Amino acid sequence: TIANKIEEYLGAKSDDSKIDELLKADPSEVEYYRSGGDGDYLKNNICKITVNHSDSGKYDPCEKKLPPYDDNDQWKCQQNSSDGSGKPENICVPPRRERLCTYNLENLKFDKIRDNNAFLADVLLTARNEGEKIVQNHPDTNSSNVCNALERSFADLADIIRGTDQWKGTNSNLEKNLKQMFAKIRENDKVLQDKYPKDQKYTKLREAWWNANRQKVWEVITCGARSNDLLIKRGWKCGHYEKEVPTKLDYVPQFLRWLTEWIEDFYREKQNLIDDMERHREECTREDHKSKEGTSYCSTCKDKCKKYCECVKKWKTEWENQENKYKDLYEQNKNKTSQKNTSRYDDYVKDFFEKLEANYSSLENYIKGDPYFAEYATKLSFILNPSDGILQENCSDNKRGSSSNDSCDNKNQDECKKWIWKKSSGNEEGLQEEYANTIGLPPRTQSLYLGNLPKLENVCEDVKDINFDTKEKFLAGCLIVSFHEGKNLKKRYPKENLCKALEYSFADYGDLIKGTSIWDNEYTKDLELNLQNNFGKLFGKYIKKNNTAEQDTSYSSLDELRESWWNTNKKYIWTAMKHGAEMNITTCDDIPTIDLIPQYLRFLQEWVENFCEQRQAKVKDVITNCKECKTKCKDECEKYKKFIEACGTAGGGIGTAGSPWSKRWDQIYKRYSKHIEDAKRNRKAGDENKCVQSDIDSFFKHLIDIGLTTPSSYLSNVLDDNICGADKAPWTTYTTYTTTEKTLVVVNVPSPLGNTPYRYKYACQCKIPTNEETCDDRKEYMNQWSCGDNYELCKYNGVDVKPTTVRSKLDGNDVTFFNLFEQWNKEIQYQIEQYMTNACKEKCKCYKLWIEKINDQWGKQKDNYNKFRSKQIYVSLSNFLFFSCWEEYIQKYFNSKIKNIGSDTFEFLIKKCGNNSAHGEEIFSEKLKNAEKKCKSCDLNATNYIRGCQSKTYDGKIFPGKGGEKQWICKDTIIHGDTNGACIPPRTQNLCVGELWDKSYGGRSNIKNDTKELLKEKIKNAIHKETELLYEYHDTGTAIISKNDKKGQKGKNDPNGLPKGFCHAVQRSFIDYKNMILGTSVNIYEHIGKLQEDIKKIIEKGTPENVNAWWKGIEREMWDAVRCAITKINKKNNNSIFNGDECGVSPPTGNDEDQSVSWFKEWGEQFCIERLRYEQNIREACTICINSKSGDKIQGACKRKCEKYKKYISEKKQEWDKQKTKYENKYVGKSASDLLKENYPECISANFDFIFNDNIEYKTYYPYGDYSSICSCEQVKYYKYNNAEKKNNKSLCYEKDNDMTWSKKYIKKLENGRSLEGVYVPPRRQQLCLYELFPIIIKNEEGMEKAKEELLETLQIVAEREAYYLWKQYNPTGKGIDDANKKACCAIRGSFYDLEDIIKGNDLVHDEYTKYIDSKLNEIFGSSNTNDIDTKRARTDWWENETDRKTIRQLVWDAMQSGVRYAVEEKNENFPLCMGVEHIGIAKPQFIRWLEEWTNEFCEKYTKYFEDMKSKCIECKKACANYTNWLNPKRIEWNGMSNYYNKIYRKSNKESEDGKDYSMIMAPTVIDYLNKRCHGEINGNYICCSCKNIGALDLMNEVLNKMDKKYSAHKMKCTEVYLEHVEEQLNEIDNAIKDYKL
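J.: It is not clear to me how the overall build of the protein should be interpreted in this structure. Could you clarify?
T.: Looking only at helices and strands, the protein features 50 helices and four strands. Here the C-alpha coordinates of the protein stretch approximately 145 × 90 × 85 Å along the principal axes.

See below:
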């Protein structure tokens, strides 16, 4: 076995060993041993394996906590354990092996490996730990030293796993272990059960397994090696990407390997001695020995001389003895004895013994070739032939604050051609294997006079040898290289670009002398070796930080004492290059601070300057001849076309190297994005003075928090914004377009690098554009349906008509019509709403423009629906539209199309839909018309005396009068406001009817002998008096609405000079009189019913209804009357005389004229003001529970105030309940809490449905609602899993609903014109359990830096209980424990991510809870003045830093785990196969997560409903009805969501709609994203959707408009049964309408 020829046949047992396909184990299976294992987190990159893969307690990093590789000159050569008795050293053992990081394999005693895969994972973990301990600990030359040491440890591991160990130690403990696991493996496989030769076939089968997994183990063990290591001396890199085990060292004999090891270790250390005896060589005695001065400076020379002598003597003895031990077996190889016999194997030791001992005295060419042997001499005889300029600072990059030019200055210090992109460089100019073809080495770099050098010391042809001994000589070599290169470059180019390219070349040197060259060539990776071993001699003596304290003063790690050397002395390099290319004079001390930028980024900026210069040259002519296009500029546009479209043809740009610009940009984007993602997950960031320190990772992490993902954005930031293009096309605006492939309609999105420059797309081939497309590209309104005598079908989109026959009955294309119409009719209706809410004038023109589109579409649909009915005449678009608009409601709340007990919603529907009971389609025409009309005196003695009205008292008598208050009269009464709905306001009750009514003994209508005129005049006078009284009542602050906080009830004054809320009071009083005049739901005074009767009589006698018209006419009269009132009052007022422009020039609008609605609004404002007053009083009385006895309840002051609040809220509970249910019934869809919140900003902190909570626990555990917080002084503490007491009933939110649907509501209105929509809240997220947060948050408003404690506690509590309840909702609601556990784990992870986004404030919902929660988080973390982005950063990293060794999003995850454990224990099951991971990754953007969840649940429901319907089909009416009722509303979901995706994909934190950082999503379309996302299993982590043969994933969009094949088989039956159901349900609805009409 020469190890070169015999082995290739003795090897090759990994291809003809079909067991290998099952013996090729691999990690990346389901969670490993429930100890943090994972599948994808390793298949993506096997390198990033952690200890948490088998048990991490037994399998921790090797627990031999004996100093590794940093020890004395220990060499087990003497009597140590058994070697030394008769055989002094059985085998040449270095300390390296004794530190072989296999103590992970001492504590492996366990059996459930259940695959070769887990055992592979264990051994690979050991290999990776060994590789790390090697690389971080190897103070040496050190390139060859570290590389050889790594491969030698790999070969030692090979022997160990193969069992061919020769060192004796604690191996049997793991030896019989690996025996038993291998036995387990061979009993797992039937094919390998063909191999049971005793003993368990250790040797042969372990060799087979080693040859099966050697590739993986070698690949991983070298992963922890920096790229600038040059591992393998075959491509002499990092040796990691060799794609095959490059070394054969694992195959050489173990004992031969170790004797070579040992001789080379002696060799390295003896060269160390021969050079370090020259430390004080100025006084080292190369002459007569002197020791008279008595110091350790001259006698040391002889000391080390004799030490080296004794070393060589002892090594001589041990060498010759080792020779004998491998030789004294001559006449006994082989007998079967174990006295002094060494037995190694049957294939590799035999040839060794017969060659090197029997017939040959010494060994052969191999060990002579690579490992040198006679540096001093060979003294072993198994091989013969013995030959016997600075020293200064580093920098940590203080970075600036985004001044649009991206130049980080400097930081702390220290004391002492043609852009070939081809592929990873094989044997010529290319890129390193990391950057196979991603950024594309520019042509100036190649041929830079240094990469054109095999060796630096070959500075010039004139010099023959090396002067590099002193620092100055090496620095001068660098200087002359720099000067010559500058000369060459100036020779090249001619100017201003000169300095730019000179800066780039300077950065190239600055990276080469730091060894991080992204590229490489035939003269690279060897000059790099020369640089390293040169630095080893001079400036190589300070590398002594492979230690435990590191002293932070020697800066010792080859790079640091190399890159630090570069940071210094680069002033001299740059000046010399300036003194090279003669552009020297102070033009461009000054240093080009660009070298700190990663070389990849500048290889981007270069080649972007190239593309820009070419493009601006090619467009400058274009922008001329297209001037509106004048006559003929299509030719030069076509030149630009072909330039930017060429697949590297002759006609086209240069630098693209073949593939067109689009593909190359895509590669660049992928590389940059994955760099961003790698930078996201790493624990290194900006430290000395709050600055990002170091190499690519930290710099990229600095870009994040500035955005600057999507290299387009980077470019837009760092470019000059004018280098390319007369058309200032920004690097945002991806500008979609399509082209042919160079199968014909392929599309692309290059941002300012698509054909047809920025605006001149229309202008090419002049065709002066019309108004429609100028709207279309703006994407203003986008009705994408394209209707253009059969049916003239209104096609939706690029989903072509596929008419199918399953069948005057319905037949073929016929059905499609209805269904298409069914969707169009639906969607357009829905569509109309948003654009109704929509409305410079450009969008107005767009709005008109799509209006006639819709009008014509409706015209054609109406036309051909008549044709449809005509075919089916042997159901009229007035029946059907009515039915469908009713169906919207009946499916929204009900599902259930039978129970019709509304009796109040009926009015709302008939106003909306069904006047005259399904007679007319006019709802649609009316909506269209509405879309059309949306194209955007008493200053006399006004003694208005009343004998029966005095100062207002309903809110208490005016000061100093105390008491006399009124309350809210309620369900139907007589004395005040006979009204079945909302309760009666006290202000209404004390209305001051004036002289309009009197008593005269008690009770009397005095308006009996009057007519219109004097009655109205008396009304006017009464209004005057009552508004004067109201104004006085509000000036004094007696009015509850008028009272402010602790201030004198007048601190808030409106910007009109009027008492607070007195505006609203006057408006409500006017509304009260208005609704009183005509018969409405008001009787608001003793017997006003007779007053409406009196009006009806006294008016409807002379006019001949007419009361209504007369009131409408005199409405302006009475409103100008109250205007004149306010004028005279404010001129009587001590302030300035205001005008009739008191709030409302016209009377209050008829919209907010529903007396119930106005009453409710007034009540809500009253309630908010009183709640705030009570809260103020509480915080006054609950800030010093003071002196509480257990349990520590409120002690009477806090207790009394808070109990007053409790009683108040107790009665307002039923009050608000009744009022809100009446309102919501009357105003279906809208919510009372909103109405209050926008109409009254006074209560934003108020949270109805919580202060008025209905759950009993949320009353008994919450005795004071929201104020069951700080009112209750108990200092709630979170309890972990183990705690004897639990969080039982602490936050017992009810069990989650299962079938509540997605909502577009509560989506935040984002900013100026951003306005995200088409995004809908996932069900589980909107029914999120977060209630316990709200109360203490109210307490948390005060007491910063102490509230965060409570926040952490409540987050843990709520996370735990939420996980418990969500698991309960998923898992025990089912028995398929595998997939149920997977789905529950996915839901829990999604919930955790949503909660984290809430903490980070990146959540998109702003419902009553989350809105206030986010506001309070901002006010808490943002102390007083921090910018919004800074507040986000603070509440983000506070979420990211630990309290005690564990970060917030680790404690929360633990709370989730403990909640799941409670759920499992209660259900009495096993812990899930998921949920056990102790380290989850980072979250995709919440929109992406919601999209994934939506697809998952949609495919689930589809596979359920369609299967049910197919199985069913007389009765399957219910089945396909369920299917189609779930489908259609779910269809508009997808359209809006896909539209939003297309708006936001590949955009980064400064160009996406939201500020949220996207662009980890590289997919042109959402369909392409999903089919490339979860086309597989549904495992607990990172694959959470799973869709299967939905049409037997573009059939996703195909089926939403139910047109695909898989449904066409049943479409005909389903449409007929649907139509019959429509007929019967229409009958029912008209019957119900007729029923209500009485």
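Having put the structure on the table, let's press on.
J.: Whenever I open this one, the environment of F924 confuses me. Can you help?
T.: Looking at the element boundaries, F924 is found in helix α29 (residues 922–932). Distance in space between the C-alpha atoms of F924 and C913 is 9.6 Å, their sequence separation being 11 residues. Residues in contact with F924, not counting those within four places in the same chain, are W824, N825, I828, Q829, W858 and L881.

J.: Can you walk me through the environment of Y326 in this structure?
T.: If you trace the backbone, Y326 turns up in helix α10 (residues 299–327). Along the backbone, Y326 and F353 are 27 residues apart, and their C-alpha atoms lie at a distance of 7.9 Å. Residues contacting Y326, with those up to four places away along its chain left out, are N90, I91, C92, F255, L259, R344, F353, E357 and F382.

J.: So what exactly am I meant to see when it comes to the state of the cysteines here?
T.: Note on terminology: disulfide describes a covalent bond linking the sulfur atoms of two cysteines. Taken as a whole, this structure holds 26 disulfides when the rule is applied. Put simply, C284 and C301 are joined by a disulfide, and their sulfur atoms are 2.0 Å apart. Its torsion about the S-S bond being 80°, the disulfide of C284 and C301 is classed as right-handed. Taken together, the residues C284 in the loop between α9 (254–276) and α10 and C301 in helix α10 connect sequence positions 17 residues apart. Note on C284: relative accessible area 9%, which makes it buried. Judged by its relative accessible area of 8%, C301 falls in the buried class.

J.: Explain helix α45 (residues 1448–1467) to me, please; I cannot follow it from the model alone.
T.: Residues lying three or four places apart along an α-helix face the same way, a consequence of the helix completing one turn every 3.6 residues. With 20 residues, α45 extends 29 Å between its outermost C-alpha atoms, agreeing within 8% with the 28 Å of an ideal straight helix rising 1.5 Å per residue. Of the residues trailing α45, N1468 is marked for its positive phi of about 55°.

J.: I tried to follow the pattern of salt bridges on my own but got confused; where do I start?
T.: Pairing of side chains with opposite charge becomes possible as their charged atoms draw close. The full count for this structure, using the stated rule, is 85 salt bridges. Two residues, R96 and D156, come together in a salt bridge whose shortest N-O distance is 2.5 Å. With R96 in helix α4 (residues 95–98) and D156 in helix α6 (residues 143–162), the pair connects residues that are 60 residues apart, well separated along the chain. On the basis of relative accessibility, which here comes to 7%, the residue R96 falls in the buried class. Classification of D156 as buried rests on a relative accessible area of 1%. Taking the shortest distance from any N to any O, the salt bridge between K1020 and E1017 comes out at 2.4 Å. Within this pair, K1020 and its partner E1017 are both found in helix α31 (residues 1012–1035), separated by three residues, close to a single helical turn. Overall, the relative accessible area of 31% leaves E1017 in the partly exposed class.

J.: Looking at this structure, how should I read empty space enclosed by the protein?
T.: Sizing a probe to match a water molecule and rolling it over the atoms shows the empty space that remains. Estimated volume of the second largest cavity: approximately 190 Å³. Forming the walls of the second largest cavity are 17 residues, and the residues nearest its centre are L105, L108, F119, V123 and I161. Sorting the residues of the lining of the second largest cavity by element identifies α5 (116–135), α6 and α7 (172–188) as the ones contributing at least two each. When residues of the lining of the second largest cavity are assigned to their parent elements, the largest contribution, four residues, is made by α5. Broken down by class, the residue content of the lining of the second largest cavity amounts to 14 nonpolar, two polar and one charged.

J.: Help me out: how do you make sense of the side chain of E63 in this one?
T.: Looking at the element boundaries, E63 is found in the loop between α3 (40–43) and α4. It is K65 that comes nearest to the buried, bridge-free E63 among opposite-charge side chains, at 5.6 Å. Ignoring anything within four residues of it in the chain, the contact list for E63 reads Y103, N104, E106 and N107.

J.: Sorry if this is basic, but what is going on with unusual backbone geometry here?
T.: Note: most residues except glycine have negative phi, and most peptide bonds are trans. With omega at -5°, the peptide bond leading from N333 into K334 counts as cis. Secondary-structure assignment places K334 in the loop between α10 and α11 (349–359). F959 connects to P960 through a cis peptide bond whose omega is 5°. One can find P960 in the loop between α29 and α30 (986–989).

J.: Explanation requested: the environment of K1230 in the structure shown.
T.: With respect to the helices, strands and loops of the structure, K1230 is situated in the loop between α36 (1197–1226) and α37 (1232–1239). Residue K1230 is classed as partly exposed on the basis of its relative accessible area, which comes to 41%. Setting aside residues no more than four positions away along its own chain, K1230 makes contact with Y1223 and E1224.

J.: How do you make sense of the nonpolar core when you look at a structure like this?
T.: Here is a general trend for soluble globular proteins: nonpolar side chains tend to be buried in one another's company. In terms of nonpolar packing, the biggest core is built from 85 residues, with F1167, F1248, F1392 and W1439 touching the most fellow members. Going through the elements one at a time, α35 (1155–1181), α36, α37, α40 (1333–1340), α41 (1347–1370), α42 (1377–1400), α43 (1408–1421) and α45 are the ones with two or more residues in this core. In terms of residue count, α41 provides more of this core than any other element does, 12 residues in total. Look past the residues within four positions of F1392 in its chain and what remains in contact with it is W1439, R1449, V1452, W1453, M1456 and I1480. Counting 78 residues, the second largest nonpolar core, distinct from the first, contains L448, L538, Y714 and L753.

J.: Mind showing me how you'd approach the packing of aromatic side chains here?
T.: Two measures describe an aromatic ring pair: the distance that separates the ring centres and the angle between the ring planes. Per the stated rule, a full pass over the model turns up 106 aromatic pairs. Plain terms: the ring middles of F119 and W209 are 4.9 Å apart, the flat faces sit at 35° to each other, and that makes the pair tilted. A residue pair is termed long-range when its members are at least 10 positions apart, and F119 in helix α5 and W209 in helix α8 (residues 202–221) qualify at 90 residues. There is no split in this pair, since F119 and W209 are both buried. An aromatic cluster is defined as three or more aromatic residues linked by ring pairs; in this entry it consists of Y791, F817, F818, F821, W824, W858, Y865, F868, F880, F883, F924 and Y1618. Here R214 stacks its cationic end above the ring of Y251, 4.4 Å away from the centre of that ring.

J.: Any chance you could explain a positive patch on the surface here in plain terms?
T.: Positive charge collects at one region of the surface, where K417, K418, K487, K491 and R492 lie side by side. Of note, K417 is situated in the loop between α12 (365–369) and β1 (430–431).

J.: What is the right way to read the packing of α42 against helix α44 (residues 1428–1437) from this model?
T.: What describes two packed helices is the angle between their axes and the distance between those same axes. Closest axis-to-axis distance for the α42/α44 pair is 8 Å, and the angle between their directions is 135°. On the basis of their axis angle, the class for α42 and α44 is oblique. Listed contacts from α44 to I1398, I1399 and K1400 of α42 are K1432, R1435 and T1436. Taken together, the residues that form the contact of α42 with α44 break down as two nonpolar, one polar and three charged.

J.: Would you explain the packing of helix α27 (residues 879–892) against helix α50 (residues 1605–1636) in this entry?
T.: Relative orientation of the contacting elements α27 and α50 amounts to 80°, with a least axis distance of 10 Å. As judged from the angle between their axes, α27 and α50 are roughly perpendicular. Between α27 and α50, the contacting residues are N879, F882, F883 and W886 on the first element and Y1618, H1621, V1622, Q1625, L1626, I1629 and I1633 on the second. Looking at the contact of α27 with α50 residue by residue, the classes come out as eight nonpolar, three polar and no charged.

J.: How should the side chain of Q1356 be read in this particular structure?
T.: Relative to the helices and strands, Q1356 is located in helix α41. Residue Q1356 is classed as buried on the basis of its relative accessible area, which comes to 7%. Those residues in contact with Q1356 that lie beyond four places of it in its chain are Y1278, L1451 and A1455.

About the criteria used
Residues numbered from 1 in each chain as written, not as in the entry; some residues may be left out. Heavy atoms only, no water. Residues with missing side-chain atoms left out of burial classes, pairs and counts. Helix = DSSP H or I, 4+ residues; strand = E, 2+ residues; numbered from the N terminus. Contact = heavy atoms within 4.5 Å. Disulfide = S-S within 2.5 Å. Buried < 20%, exposed > 50% of the residue type's maximum accessible area, 1.4 Å probe, protein only. Expected span 1.5 Å × (residues − 1). Salt bridge = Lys/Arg side-chain N within 4 Å of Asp/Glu carboxyl O. 1 Å grid on protein atoms, 1.4 Å probe; cavity = no way out; pocket = protein on both sides within 12 Å on 5 of 7 lines; lining within 4 Å. Points joined across faces, edges and corners; volume = space filled by probe spheres on them. Nonpolar A, V, L, I, M, F, W, Y, C, P; charged D, E, K, R; others polar. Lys, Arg positive; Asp, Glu negative; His and termini not counted. Core = buried A, V, L, I, M, F, W, Y, C linked by side-chain atoms within 4.5 Å. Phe/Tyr/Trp six-rings, centres within 6.5 Å; stacked < 30°, edge-to-face > 60°. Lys NZ or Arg CZ within 6 Å of the ring centre and 35° of its normal. Patch = residues over 30% accessible without salt bridge, like charges linked within 9 Å, V, L, I, M, F, W, Y side chains within 5 Å. Areas by Shrake-Rupley, 256 points an atom, 1.4 Å probe, with all protein chains shown as cover. Charge placed at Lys NZ, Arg CZ, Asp CG, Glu CD. Axes fitted to C-alpha atoms, helices over the stretch in contact; angles between N-to-C directions. Parallel < 35°, antiparallel > 145°, perpendicular 65-115°, else oblique.

Just geometry here; none of it tells us what the structure is for.
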